[PDB]
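To begin, one chain is listed below as structure tokens, in the form deposited in one PDB entry.
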């Protein structure tokens, strides 16, 4: 039962073209008429944003289901959520949200069913604009180190509170982004990885003593000869070794440097770069330390193991590595955790479903295998000394379960510790299945399909498909309240496509969708839409596609290549200028997956799919005269420092020019708009802000797909 779609005439605002900007890339001339949009501070760019906001508001005013979606999302997400607890000393800590708090509150308890005490409430600062990203509790549970944002930048300030009375220490550590705070077992301070004072280059590893100014922090590592190398760090569970991981770019590969803290004459004060044991000193493979017994370390690695494995090495004999748990021939070893003193919990991904294995740490022998339902297990935080492991399970139809596995007393049983419940939602009316569909080259692409049980496969249903496809990221079918609104009140079918470029089948899956093979990602996604149409879930023009960042690139490339397949396209903070992405903020870190236009071979890949360079009028191709672009919403925060908004702005300007304003009477009737969030960064928006964005997104989609509300 179709509704009316977009019909009001659109007044696209004037956008100036700089016709003089032309670059030569290895003999190919590329015009960049919206180069000036790369300056966010100019009056012309600010005017562009104001004008696009005005246009978007006029279009969204005609989407009459926005208010209905908004209230239903609010109602469906209005349930208490307890994060996975973790233990320090004899205290437990976790995040909590009563349902509609702007941000999660960090709580402490004396026991798992004892009275929670609020340690830090981000809702009290700036209306909960930002939540906590860095949170770290000392070994004695006396101190809590956490990161606060000051303004809309990605820079974090680390503060420390005493858990006993919630009083702040005077200590303030600036120039941090994503660093952890890694405590020594003496409780005297912590390792962290700041950048030098005034860009994010020349990252350092430092140690901060409690009660001192940042200027007194001990330098452990820097490398002025490699300014773009970035750092992660870790301390072993016994407190004896500090591990520094050095990474280059976005690749899953790192060095491993090991510092023996017990051999230092006067502790870390001895360094008032330090003498690291350079166990791995190349970028050939990934290595994450799982456990050690003295100098004998157990690592997870992808070395000669695209699906990963566990290996063991003695630091005293560092050339000799031995497999502990061999690489599986089919399943990805996603993570491993030492627990209950002498065991390992392994999280495998087997055809995009989790399987947990409990193994003996010393021998690697399998003890128990726990297959998990469709969804995702994550947040295993238990340490080697802990006998009880907690983790979180979520799925499309399961809002959130915190499971407990007591390895001492009842190791085969997952016990429910906390269970979230969606109000006024009957899970049993819906189902999720996994199917495998062929890509253009024959490759099996897993997809998850969620819908009401017993629907007719008559092509009548609106369909939303989501994907990412890059950077070895695994796309799991997790819970979204807005997705349930779509299924229930729009009679929708939801599809999550596990396309190449992700990590789901290991490094070979990732490499089959990066660099020269990035086009495979788009073909995979297109093939999934074709399957949904051929099998009768939906029809072309009732399919909506959505993705963010690298997934926004996915959306923009697919609508350029196959505009006929889609009725709605929503690209959140997409990477749209593939020739220039490497020049802005941290875009240079992505050249591993994408390539870079400064090399001819790589330019040739990039130009073929770069969204702003491939906008073409589909109706000018013979036999395609009835085709237009789908209704398109480009979403971005106005101060996204991860993916700069110029990408979105240049695509928007290019689409509006090619399809609408360069012609006096264009066949393009579907609107091409941007929803620009004012005063927002990349990082985690407050509950109501996020709900407002998602309601706008679904209202626009409902109108674009001509899908009526049910209820």
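Rigid core (definition): largest C-alpha set, two forms, superposition within 1.5 Å. Positions refer to the first chain, counted from 1.
Trainee: Deposited residues absent from the coordinates between residue 198 and residue 199, none, 1 to 3, 4 to 9, or 10 or more?
Mentor: Gap between residue 198 and residue 199: 4 to 9 unmodelled residues.
Trainee: From residue 272 on to residue 273, does the model leave out none, 1 to 3, 4 to 9, or 10 or more residues of the deposited sequence?
Mentor: Unresolved stretch here: 4 to 9 residues.
Trainee: For the higher mean C-alpha B factor in the entry, choose 260-268 or 449-457.
Mentor: On average, C-alpha B-factors are higher across 260-268.
Trainee: Highest mean C-alpha temperature factor of the two stretches 100-108 and 234-242, which is it?
Mentor: For C-alpha atoms only, the mean B-factor is higher in 234-242.
Trainee: If I read the C-alpha B-factors straight from the PDB entry, which of 223, 524, 602, 593 is highest?
Mentor: Among 223, 524, 602, 593, the PDB entry lists the largest C-alpha B-factor for 223.
Trainee: Just grab whichever of 666, 52, 670, 654 has the top CA B-factor as deposited.
Mentor: Out of 666, 52, 670, 654, the record gives the largest C-alpha B-factor to 666.
Trainee: Quick check for you: using the entry's CA B-factors within this chain, is residue 1 in the lowest, middle or highest third?
Mentor: Tercile = highest for this residue's CA B-factor.
Trainee: So where's residue 68 on the chain's Cα temperature factor ranking, which third?
Mentor: Within its chain, residue 68 is a middle-third residue by C-alpha B-factor, going by the deposited values.
Trainee: Please place residue 120 in the lowest, middle or highest third of its chain according to the CA B-factor in the PDB entry.
Mentor: Within its chain, residue 120 is a middle-third residue by C-alpha B-factor, going by the deposited values.
Trainee: Report the third (lowest, middle or highest) to which the CA temperature factor of residue 20 belongs, ranking only the modelled residues of the same chain.
Mentor: Residue 20: CA B-factor falls in the highest third of its chain.
Trainee: With respect to C-alpha B-factor, does residue 91 fall in the lowest, middle or highest third of the chain as deposited?
Mentor: Ranked within chain, residue 91 CA B lands in the middle tercile.
This protein has a second form, the form deposited in another entry, left out of what is shown; the following refers to that one.
Trainee: Select from 239, 364, 318, 411 the only position whose Cα moves 2 Å or more between this form and the one not shown when the core is aligned.
Mentor: Meeting the 2 Å or more criterion is only 411.
Trainee: Kindly check if the Cα atom of residue 330 is displaced 2 angstroms or more between this form and the one not shown relative to the superposed rigid core.
Mentor: It does not, since the residue 330 C-alpha is displaced less than 2 Å between this form and the one not shown after the core fit.
Trainee: Please state whether residue 99 has a C-alpha shift of 2 Å or more between this form and the one not shown, with the rigid core used for the fit.
Mentor: Shift of 2 Å or more: no.
Trainee: Quick one: once the rigid core is lined up, does residue 473 have its C-alpha move by 2 Å or more between this form and the one not shown?
Mentor: After core superposition, the displacement of the residue 473 C-alpha between this form and the one not shown stays below 2 Å, so no.
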